[PDB]
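The data below hold one chain only, encoded as structure tokens and taken in the form deposited in one PDB entry.
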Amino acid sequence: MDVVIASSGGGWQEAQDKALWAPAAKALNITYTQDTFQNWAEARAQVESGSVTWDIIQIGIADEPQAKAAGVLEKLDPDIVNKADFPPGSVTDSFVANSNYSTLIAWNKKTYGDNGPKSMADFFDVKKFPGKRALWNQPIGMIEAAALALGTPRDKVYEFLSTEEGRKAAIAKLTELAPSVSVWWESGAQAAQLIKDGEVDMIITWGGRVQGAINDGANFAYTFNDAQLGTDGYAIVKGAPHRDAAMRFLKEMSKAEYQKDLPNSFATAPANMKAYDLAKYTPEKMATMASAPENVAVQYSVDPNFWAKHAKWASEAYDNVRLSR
């Protein structure tokens, strides 16, 4: 009888549960069960099997087009949110944004001190910065990182990846780096643990996971330079067993009154513009936020239109880079 909600575990899932799920479910007087997953294809497997157990799934904005095309997502009720309260394009007919985050470069201060990599060109430069690299085992942010390393200006990432030539060169760049990649991390918590144990010299991972590891004593530093500004959000699984209750739950948790608490401990940025007026975050708090003006200036936004067209190519080609060893 519980609504089943799933995200990717660790500090991020804990932040959503504390700020959004527990207070929203209390207000609606409903019960819910949590689950965890890393790949949107796991939601597809539930749909393909004919046994859907998940109701709400937290996915990345760039997985939304391929999930919707594969018939994995329920169409949401018309006025689930007022689109004017959220960033443009962050709310689709099948997805409601809950946050902005960054896929960024972090480095081990024991290895490099303050003179760590401060750009993707630096991250890919094994001669100037020798050491163990860690990259995600999924391609969003990883293909673009290679395009940036090749010298592509931040505002031209997706123009470069719009051609076959550019897409192949980006994979060739990742192939070149692959022998220096000690671990292809799978979850944010695993990435945070690699950082806390100093098991890697540099890593491309999510800002909240990095800041959480540093708060826990990791001797790492990071930059927003060349980071990808992402958007996470919620969708309802096609054939969700508690579809109607899940719709009410998603509408409630998207409210400004809950969104304001999302970054209380975890370094994330709420997507609901009204949450900023309620919480009145200090400039120190804003500095860790992916969407703060000073951080946006050195980032580029993920392009869901690119991922709508090339996700299948990207998944297979990147699988081969990591399988090359």
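In case it trips you up, residue 1 is the first one in the sequence shown, and so on.
The same protein also has a form deposited in another entry, omitted here; what follows describes it.
Student: Under a two rigid part split of the chain between this form and the one not shown, are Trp54 and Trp206 together?
Tutor: Both residues do not go with the same rigid part; they split.
Student: Distance change of 3 Å or more between the C-alpha atoms of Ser8 and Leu135 in the other entry: closer or farther compared with this structure?
Tutor: It is farther: the C-alpha separation of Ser8 and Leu135 rises by at least 3 Å in the other entry.
Student: Hey, the CA atoms of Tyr300 and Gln38 end up closer or farther in the other entry than in the shown form, with the change being 3 Å or more?
Tutor: Those two alpha carbons end up farther apart in the other entry.
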